[PDB]
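Side chains included, hydrogens not; waters and symmetry mates left out as well; all remaining heavy atoms used. The sequence lines fix the lettering, A, B, ..., with proteins before strands; numbering per chain opens at 1.
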Amino acid sequence: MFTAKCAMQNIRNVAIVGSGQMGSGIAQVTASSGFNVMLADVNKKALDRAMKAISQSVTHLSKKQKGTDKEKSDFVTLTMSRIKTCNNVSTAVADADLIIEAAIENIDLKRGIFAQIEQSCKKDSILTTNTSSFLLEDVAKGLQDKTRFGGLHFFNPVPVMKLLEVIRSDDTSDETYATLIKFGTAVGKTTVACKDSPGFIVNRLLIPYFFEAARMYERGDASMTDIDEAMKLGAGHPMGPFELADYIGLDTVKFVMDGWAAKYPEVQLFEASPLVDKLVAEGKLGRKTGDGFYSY
Amino acid sequence: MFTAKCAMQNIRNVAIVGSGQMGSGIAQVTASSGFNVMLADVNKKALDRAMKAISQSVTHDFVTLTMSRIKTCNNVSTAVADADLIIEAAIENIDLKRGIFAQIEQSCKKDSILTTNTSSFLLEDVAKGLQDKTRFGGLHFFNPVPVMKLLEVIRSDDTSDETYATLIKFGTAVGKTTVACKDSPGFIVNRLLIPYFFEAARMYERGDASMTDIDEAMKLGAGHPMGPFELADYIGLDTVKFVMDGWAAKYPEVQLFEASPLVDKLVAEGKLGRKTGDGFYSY
């Protein structure tokens, strides 16, 4: 983490635009790792919600440490003082060296956010998205300097999940990409490198594998519970595909696979699943609603 | 295991035709679980190497006793004459298997259940020649059979309810966790895993990401104990290729089954994975 941090003298102040679960988790690990954080969202209620969740989580971790009760709360306040909030994007990004967008998955809203960002940030600022749902080319399409754009695809809960996929568009410069690799490593992650291809690595291989399982079930070849057992037991996976999809969220999996089906209409693997569609249309989204493939 | 074994009063004698690695491993766990076994192959040398490998595993009276339950026979007709269950583990050639089953049919008891362990063909293609298709099914084990707990128990369109119930009990009697599948290409495991591995190869081939970053992403992102290139090397590249080739030829309109250059090259070059010290990676 230090080898990386000390090789990015240029990157001291980070702005995260969007204050939901991912934005708040990215803010937490960025602060814990020693950078200054500005978390931005026009939604004040969301900003308050995030800072309470971060504060909780940081406090929680400190409790595991060895040390005096002062040593611990000292640790929490050092971390939290690196995090500031702002309800105006242009103000928030004015002194940022790296900006990470974690907003709603809507391409016009994101492009609008990036136009605001580039109007206000520093000339050599690096801009990034955490999206799972769009190509970096399509997010960056209006920017003046595409060579300082890339992707930082974390996984929820960000403080717990080690992996980080670091993405380059066709236009990302080598220097910007290398900086992004060092930032992922500085914040404690195991980075993997991917081009701007739908699904990067994890989702591109996992979501179609899940849909293939659903498809097997829908043809009537085997039951959901036998599928899951065969994969845990035959391949060592800790969750079968249906449990996995419930865990990720059905709405989450459908929405990604829907964007692929539409952009890549000739690719058989990306067809929607009558059954996924019907479960999401019913609000049976998986664990987070208590009910998807299975009940919880 | 006992709950199963004592509900199969009719199944005492098991014949296994083909004494390669899977037939020999099925012989071993079937002997260990209390059945009588006849191991049959027309290649006397193979039969010899199979009994030496088996005794080698089982050592690791108990060795003598376990062995006394396994007899060999280089004649498939006479080997199955007294068998209640016959399990075919022969080479992956459909004419050879149909000829074997033509032989077994002519000799076996009329109530005998007939099964294949094949990964490469549809049950209904293996059985296409058979007069009573209703006592036919699939017992798909995994190498090494003595260690691998899963067994996919497969029915055709013709397998009777009674035959299939017996097959599930057999799997359970021999210490396996059974799962049921219809006669579909790849059953459950290979149908999901082999295309996920090819998807991984294709991603590397397109130049999107490196082999080691793809494997690291799947271990860390999904908790998989091996990433897809590690797993393929473990299973064997020749094995993964041969099954996928079968699918690409039989289902020519399915994009997911299209062959891979890197794979073809690595197998055409004899780089078959862990078992040869080189596949995707070196060992």
Self-check item: Winner by heavy-atom pair count (cut-off under 4.5 Å) against chain A, out of B:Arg202, B:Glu199, B:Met148
Solution: B:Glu199

Quiz item: Between B:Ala209, B:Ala217, B:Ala200, B:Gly221, which residue shows the highest count of heavy-atom pairs closer than 4.5 Å to chain A?
Solution: B:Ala217

Return yes if a side-chain donor-acceptor contact under 3.5 Å exists between [X] and [Y], otherwise no.
X        : Y        : result
B:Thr116 : B:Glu88  : yes
B:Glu216 : A:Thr190 : no
B:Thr166 : B:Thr163 : no
B:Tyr281 : B:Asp215 : yes

Self-check item: Residue-level interface, residues 236-264 of chain A with chain B, non-hydrogen cut-off under 4.5 Å
Solution: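 Under the 4.5 Å heavy-atom cut-off, A:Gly236, A:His237, A:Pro238 qualify.
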
Self-check item: chain A contact via B:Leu193 - which portion, at a heavy-atom distance below 4.5 Å
Solution: side chain

Heavy-atom pairs under 4.5 Å with chain B, option from [options] with the top count:
options                                : result
A:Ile201, A:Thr191, A:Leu164           : A:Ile201
A:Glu165, A:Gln268, A:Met216           : A:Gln268
A:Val202, A:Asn203, A:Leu205, A:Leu163 : A:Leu205

Quiz item: Does the distance from a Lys or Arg side-chain N to an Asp or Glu carboxylate O, for B:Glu92 and B:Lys97, drop under 4.0 Å?
Solution: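 Yes, charged N to carboxylate O under 4.0 Å.
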
Self-check item: Pair B:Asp161 + B:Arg155: basic N to acidic O under 4.0 Å
Solution: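 Yes, B:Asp161 and B:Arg155 are salt-bridged.
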
Exercise. Let me see the working for B:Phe280 and B:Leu262 under side chain to side chain contact (heavy atoms under 4.5 Å, CB included), right down to the final yes or no.
Key: CA-CA 9 Å; B:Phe280 289 116; B:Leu262 180 52; 3.7 Å; yes

Quiz item: Got a donor-acceptor contact below 3.5 angstrom from the B:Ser282 side chain to the B:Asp278 backbone?
Solution: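 No; judged by distance alone, with no hydrogens or angles, the pair does not exist.
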
Practice problem: Using atom types as modelled and distance alone, determine if a side-chain donor or acceptor of A:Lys195 lies under 3.5 Å from a backbone N or O of A:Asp170. | Solution: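 Between the backbone of A:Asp170 and the side chain of A:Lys195 there is no qualifying donor-acceptor contact (under 3.5 Å).
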
